[PDB]
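First, one chain by itself in structure tokens, the form deposited in one PDB entry.
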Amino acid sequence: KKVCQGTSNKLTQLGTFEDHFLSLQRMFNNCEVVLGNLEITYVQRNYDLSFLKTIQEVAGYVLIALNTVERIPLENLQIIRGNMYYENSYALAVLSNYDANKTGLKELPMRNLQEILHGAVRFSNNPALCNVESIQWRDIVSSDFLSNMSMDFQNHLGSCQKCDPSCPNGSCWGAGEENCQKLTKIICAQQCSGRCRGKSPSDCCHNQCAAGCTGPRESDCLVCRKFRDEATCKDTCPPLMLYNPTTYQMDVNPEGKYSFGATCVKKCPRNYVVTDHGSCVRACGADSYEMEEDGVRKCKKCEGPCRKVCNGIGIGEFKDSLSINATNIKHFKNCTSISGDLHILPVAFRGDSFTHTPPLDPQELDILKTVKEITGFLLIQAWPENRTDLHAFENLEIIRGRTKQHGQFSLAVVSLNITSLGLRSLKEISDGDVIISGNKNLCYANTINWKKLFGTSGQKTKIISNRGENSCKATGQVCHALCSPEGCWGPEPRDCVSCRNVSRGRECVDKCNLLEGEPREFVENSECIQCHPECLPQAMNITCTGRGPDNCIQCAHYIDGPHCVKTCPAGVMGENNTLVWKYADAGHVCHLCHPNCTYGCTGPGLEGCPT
């Protein structure tokens, strides 16, 4: 079906009345399913709204306000799911559809609106509006939202045509014979669950239907209450992950399909991405990024802060800016990649009268702590008082150095009172030189092996006039015993450029937990990685050889094929929508139950499933 998103402007008019009509016409032309909200506002008289007769489903709310057009042909609108609310709990608001002439919305022929899932409706200040007073809303709106209805019908001075005599209790949406209200809920018998087709229990609708049904089966609903897979209304789309007994592991279900609004699709439509919860979304929102898998786009959560490039000193708005001050530091919030330079000069903390800039607050320096990339250089000749290291740059890893200071240096840290550099994550300096001089309390500076960070042939380093190494070594300000001979950025083992043996996370350690330690580990690339929580720690041996439960030496609880699992699969969904149940024998090994044992077993055969 043809699908459109919808609008959310509420009561805001887009330019002139014609401009507002054009944007509304572009959105809902040939639209059958509205993913968002349906907002019909500021539609003047004699405007052709014939394109609204194709709308059948709306997920959010329906807003019809400030319209002077007499007929809004929402003829084929069947369901208002109410996934969003207009004001507080309104899934349908028809408010103030008149003008100074007091001749506004007169004909609202929603003859197929048979159910509203969530939310109430509101009608207020709609003169000359006919027939809507006769509608029995108890048959269409949910029974729990009837407590917040707001119906105001004061139209006794307008010329209205009477309902058709064949309408039940005189309830009609419009004047025509087709406009009689189609009751399909309150007239149902007590035995019909949900809705029905007439008045007998032999023509009830399946509880998965929404508006109505042509037959008793599930494939007979007009629209689905929750999801629609192919031609069948289902409570949930087919599971994407199923436990096949062949591989003893959760694998991708070929019949598994994603969720797109109220439909279940094998693939998301064009220009749509799948999320981590199995749904089709227009674009991966905040706190998540986009990545390709199997040639299909998929959303993934951001590794920490998301990528947000920002212009630095000398680019755009920050050109001719002397230093990062209290005026421009507001533009550096959540920035992780600086596209330019960074000046940290004493004029920020002091301020000047020419640029009309107040002193920079030292606490605001933690704003650019998320910065991980600098395309230009880094000039730091000022730093707050009580900070012993570059705390705001502990998450910087790359300085490109396309632009250089004095035609030479790309990293300038001069005339500071810091103790350590604190650049724990700095791993690459592609181009430019490094100058660190004049910091008479700075140690560790001469230890770093800078040829490891360089990337251009000919890069030099100038690190002098700091704290003497004889004074640093006497006070203990030396690299940790666990650091490699390639230097360090501080005393703690978290500051090593590299570890002399192995590492656990970002901290250097003497050895991995192979035979000792509470969390047993294994070694690869000189780094310690935890074993699976199901590999039982061995005394005379290592605990695991890899990551997953396939590489355990001895399972800690139960065994499911080559895997160590906490419990055997009891109640896991399988193929053909048939649950898979297993049991544990004497050796704590998982084996399948009997095919006829639908609710689990404790032993082989039908013995474990008594009557």
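Residue positions are given as counts along the sequence shown, with the first one as 1.
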Of the other PDB entries compared that resolve residues on either side of residue 100, does at least a third omit it? yes
Averaging the C-alpha B factors as listed in the entry, name the stretch that ends up higher: 588 to 596 or 6 to 14. 588 to 596
Mean temperature factor over C-alpha atoms, higher-scoring stretch between 211 to 219 and 400 to 408: 211 to 219
Reading the B-factor column for Cα atoms of 577, 44, 37, 543, the highest value belongs to 577
Identity of residue with top Cα B-factor, from 130, 378, 120, 390: 130
Relative to the other modelled residues in the chain, which third contains the C-alpha temperature factor of residue 251: lowest, middle or highest? highest
Residue 419: which third of its chain by C-alpha temperature factor? lowest
Residue 462: CA temperature factor from the record, placed by chain third, in the lowest
Considering every modelled residue of the chain and its Cα B-factor in the PDB entry, is residue 538 in the lowest, middle or highest third? middle
Within this chain's modelled residues, let me know which third the CA B factor of residue 447 belongs to: lowest, middle or highest. lowest
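One more form of this protein exists, namely the form deposited in another entry; it is left out here, but the text below deals with it.
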Is it the case that residue 407 and residue 300 are in the same rigid part, with the chain moving as two parts between this form and the one not shown? no
